[PDB]
4 protein chains.
Amino acid sequence: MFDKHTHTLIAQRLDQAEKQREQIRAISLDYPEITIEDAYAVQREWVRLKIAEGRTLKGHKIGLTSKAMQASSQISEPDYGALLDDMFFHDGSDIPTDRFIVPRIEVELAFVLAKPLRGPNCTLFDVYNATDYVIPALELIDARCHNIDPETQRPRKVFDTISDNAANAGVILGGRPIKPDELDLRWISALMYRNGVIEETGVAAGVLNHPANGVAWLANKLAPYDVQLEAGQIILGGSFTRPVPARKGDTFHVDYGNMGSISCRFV
Amino acid sequence: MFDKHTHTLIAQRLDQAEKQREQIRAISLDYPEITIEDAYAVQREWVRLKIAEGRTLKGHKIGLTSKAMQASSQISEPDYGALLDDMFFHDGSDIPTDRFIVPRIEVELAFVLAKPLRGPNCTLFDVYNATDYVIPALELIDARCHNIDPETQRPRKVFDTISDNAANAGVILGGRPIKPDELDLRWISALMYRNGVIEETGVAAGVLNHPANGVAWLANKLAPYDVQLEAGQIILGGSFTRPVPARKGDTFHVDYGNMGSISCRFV
Amino acid sequence: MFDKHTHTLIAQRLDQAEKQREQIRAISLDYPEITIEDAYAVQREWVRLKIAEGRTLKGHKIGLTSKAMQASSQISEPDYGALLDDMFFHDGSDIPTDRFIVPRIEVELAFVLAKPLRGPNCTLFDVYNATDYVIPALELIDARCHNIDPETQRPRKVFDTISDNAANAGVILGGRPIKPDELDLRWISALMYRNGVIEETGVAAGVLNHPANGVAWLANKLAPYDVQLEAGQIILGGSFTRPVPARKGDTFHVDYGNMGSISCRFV
Amino acid sequence: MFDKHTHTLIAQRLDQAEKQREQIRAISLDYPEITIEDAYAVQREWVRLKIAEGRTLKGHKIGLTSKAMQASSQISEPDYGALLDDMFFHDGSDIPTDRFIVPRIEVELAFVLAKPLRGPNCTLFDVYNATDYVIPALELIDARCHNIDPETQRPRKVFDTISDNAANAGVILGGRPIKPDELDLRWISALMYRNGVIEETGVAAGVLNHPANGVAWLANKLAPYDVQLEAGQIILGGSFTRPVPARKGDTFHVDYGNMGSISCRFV
Ligand SMILES: [Mg+2]
Ligand SMILES: [Mg+2]
Ligand SMILES: [Mg+2]
Ligand SMILES: [Mg+2]
C-alpha cells in the first residue's frame, strides 16, 4: 500500500484527465503493485480535491453489480464511487457531450435517504427503514484511463475503475417517486430507447438480486473510514442494463412502465 | 443464385457438421458470392433432408430481432428458421450437452397457432386472431460453422447463420399458457439464471417493439414460396436477452414472473 | 442432568466434529440419561465457545414445527438453535460443500425484529408488533452426529440434534421483504427446485398453523434463562418442506411466487 | 409377457382381494418376469370385469407425478389407472373405512373434459382447449397387495401398483369449479388437515411442473390401445402432497384457499 502522497499524485492526474477530456494510461499499468485499498484511497483523494474546488457530496453509486463483470475483474464484490452536485442533470435536459470523453448511459434505481445508514451490520431492512423515496435514475459513466487491447481480459482494470471514482460522470433522475414498500422493487423493468429505438431492456432484480442490496453493502464498506450514508443523500443502486454509448445528437428515452420515464438529449 | 446441386451440397455438409458435432468452415468463405437468397435456399434443402430422414415440421423461429444484431450482421430485417419435432425438450429436462457444439440459451415467447397465417399483408391483428396461446419458450441455439476460421481468422457472416437453419437446435416450452388478450405482451419480463446467478434480464418489447410482430413478418416472408404458418404450429418470436452459453453441469432457470418459469439441466 | 464441565466437553467434541467434517457418535448413546435440558445446555456451551472465537449472535431458528416431526422425535413441542454471523450466505452464492458433512436445504420465512421479544406471555400479536420485516429464508442444516451408530446401528435422537445446535449450519436470505401486515403470511407458498426439478413444495401455514407462532413460542422458551429475542435479530420460523440433500454440483432455486426467490450453488 | 388368460386370472385375484379386504402376495413376487405392459394388461382386465358387473368408466387418474416418486418406483414416467362410478364420494361424506384395506388420502386437481383428447401429439394446449372446468379433488388410494412380503419381507414393486389399478379406490370432488384460464393453475395450493392438524401442504406445480401436463401425457399413453379420453370424463392429474393414512374416526379437511375446500370423515 502506497503513502498518501502517491494517492494524491494519481488523483491529480485523473483530475487533469477529466478537465482536459484526455485519457491517461491505465493506473494499474503505471502502478503494477496497486491494491484495492490504494484504489479507494486514490478515489478518496480525488473526491477531496473536487470538493475543495467547490463541489458538494450528494450521494454515492454502487457499480460492478453483475456477477459476470465481477468474475472478469480482480475482485469478488461490487464497487462504489461518490456522486457530486455538478454530476446531476435535469430530466429532459440537454447534456453537453463536450464535457465527457467516452460517455455511456446506464439504467438504475436511486434511493433517497430520509435517515442515515451506518455500518457495520447494515442490512436491507435498515435500507428500507431509512429510504424516503425510490426513484428511477440514469447514470452517465465515463473513463479517464485508456483501455488498451479491450478484447483481452485484464482483471486489474477494476483498480483503474475504482481509482477513477468508479467511472462516475453524470446522473439524471426522473419518473415516479415511490415509498420503498409501494411495490416489489425486484420486478421494476425498463426499456432504453436511443434515437427512437430500443437498445437495451432489463429488470431490477439483475442488480444484486434486489436493487437495494448494494446500499447496505455500501454503508458497511464505508464504516471503517468513519463515514456513513447521510440523510438526504441519493444512492444509485446499480444498472440493470449494459451501458449504451452517448454521442452528440443522441436522444435517450427510458421507459420504466408504471414507474415513469426519463429523457435527455446530448448536444 | 447458385444452382440446385450446390445448395444440396452445402446442406449435406451442414448436416454432417451437426451429426458429428464437428464445425465446418464458414459457408461465406468457401462461397464468397453467396447471397441471402442462396442462404435460404440452403436452409430449405437442409430442412428437406432432415424431414426426409424422419423428422416433422412443428413451427418456425424469428431471430436477429435486435438493433445490435441487425447492424453487426449487416442486415436490415430479422431472419427465420424451421423448428422440427426432435428439437423440443420437456420443461425440467436433462439436455445432452454432447449432442451440441456451442449451445447457448435464449429467452422468448412462443405463439401456438389455432388458425393458419398467410401473407402477404399479414398483420399483428391477424396474429392475435390466429393465436391459441402464448407460452414462455427457451431457444437453444448452436453453430455448425466456425465463428473464426482456422485458415484466415476471418469472421462468420449472416449468410452462414441463415444457411445453418438460423442457428436452430433446441426449444423448451414451459410456464403459464395465456390467451393473447389476457395481458399486455409487451411488458412480459424475465430473469435468466444459470447455476443460481442472474446472467441476463429482459422485457418482451425488446423483440421488435412487440413480441408478436415477428410472426406477422414471417408469414409475409413465406408468402412468395406458397408457404403459410399452419394451425398447430409453434412460432418463436425472438429473444429478449443475449444468448447465454450452456456447458455440461449447468442448470438454467428462467423466471418470467406471473408468466411462470422454465428450467433445464445440461448433462 | 450433567455437571457444567460435561456440557462444555461435549460442546468441544461437536465443535471439532464441525471443524474436521467428521461425525462423532450420537451423544445420547454415550449419555443414555441425557435430558432435553442437558441438550440445550450443551448447545449454550457450544454457542458460548463460538462467540469466544469471535463469532456474533445474529438470531435463532425454530425446528420440528410439524406434529409429524415432533412424533418422530418423541417430543411434544418444537426445538430451537442459535444463528451465528458466519452461517449467513448471500443469495446466489457459491456454497463450499467441503465445509459441511451431510447438508440439506429447508424452505422458511424469517422475521426481522425491530423491537425485542421477551417471555413469558409473548403472543402472536407481540410478534407482529415487534417484526420490522418478513423475508424468505433458506436454512442449510447439517449433522455432526452419526444417524446410524457404527457399533449398534441405533438411530440418532432429538437430544443429539438439540445438542448439535439444532442442526444449524447455514442461512440464505433472499426475495421480497414485506411488512407483516402486507398480506396473509399463512398462504405464502414455495416450490423448491434442485437441478431444475421440483423436489418439494409447501405452504407457510404448515409451520405451526402460522409461521409467526414459533417466534412467540421461542421468546417464551428463552425467558427462564434470562434471555430475550433482541432487536435486529433474524428469527427463522420453521420449514414448510422436508429438507432436501445438497451435493457438490447442485443448484437450488426456491420460488416463493410473489414473495420472490432464493438460489445458491454447491461447489 | 403373459398370455391373456393369466392377465384375467390375476385381475380376478385382485378383485377378490378388494371384495374381501384381504391383501394378496405382490404379483411381481409370484411373476418375477412381469413387465409394465403386463401390469397395464392386468389393469385393463380388472376394469373390464368391473364394467361387466355394471360399473361405468368415469375417468382416469395419473400417479407417480414426482421425479422422486418415479425414482423410488424405478420408473422414468408417471402411471395411470381407471376411475369407476362407484369410487366417487360426495364432499362431506361419511366414508366406510371397512370397505378399504390401507386407505390413504391425496390432494389433487381434476380436469373435467368438454371434448375428447386423443394421442399421439396431445399437448398442454389441447388439454386447455378440451377442459370444461378444473375442480379440486381428493384421491383415496389403497393397496390390494402386501407391502412387505409375509415369506421374504421383500417390498411391493411398481408392477404391483399398476396391476392393482394404480392404487385406485375413491375420489372426492369439491370446492370451486373454474375455467382453466381463470387463474394460473400452477400456483393453486393446499393445506391437508387430518383431525384438525396440518399433515401435509403442497402447490400444484409439484405435479409435473403444471397440473395439466399429466392429462396430455395420458392421452398419448392410451393412443396405442385405440383408447382416448372421452368428453365428460374426469381426469385426476396427480397429488401435490404425499398420501396421508386414513383410519376409522379420522376427519379430513383440505383447504385449497380461494379454490375452496373438500372434507370427509371415516366411519
Ligand atoms: Mg451505475
Ligand atoms: Mg431465438
Ligand atoms: Mg429450519
Ligand atoms: Mg392420485
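Labels below follow one simple rule: chain letters A, B, ... track the order of the sequence lines, proteins then strands, and each chain is numbered from 1. The figures here come from the full heavy-atom set of this structure, side chains too, leaving out hydrogens, waters and symmetry mates. Remember, it's 1-based here, ligands and their atoms both numbered in the order they're listed.
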In B:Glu108, the N, O or S atom nearest to the Mg ion (ligand 2) is which?
-> OE2
Step by step, would you call A:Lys61 with A:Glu108 a salt bridge (charged side-chain N to carboxylate O under 4.0 Å, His left out)?
-> CA-CA 10 Å; A:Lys61 59 78 80 71; A:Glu108 320 206 1; 5.8 Å; no
Would you call A:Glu106 and A:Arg242 a salt bridge, using N to O less than 4.0 angstrom?
-> no
Would B:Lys67 and A:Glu199 pass as an ion pair if we require N to O under 4.0 Å?
-> no
Is it true that D:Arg104 and D:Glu139 make a salt bridge, defined as a side-chain N closer than 4.0 Å to a carboxylate O?
-> no
For B:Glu106, what is the atom name of its N, O or S atom nearest to the Mg ion (ligand 2)?
-> OE1
Among the N, O or S atoms that B:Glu139 has, which is closest to the Mg ion (ligand 2)?
-> OE1
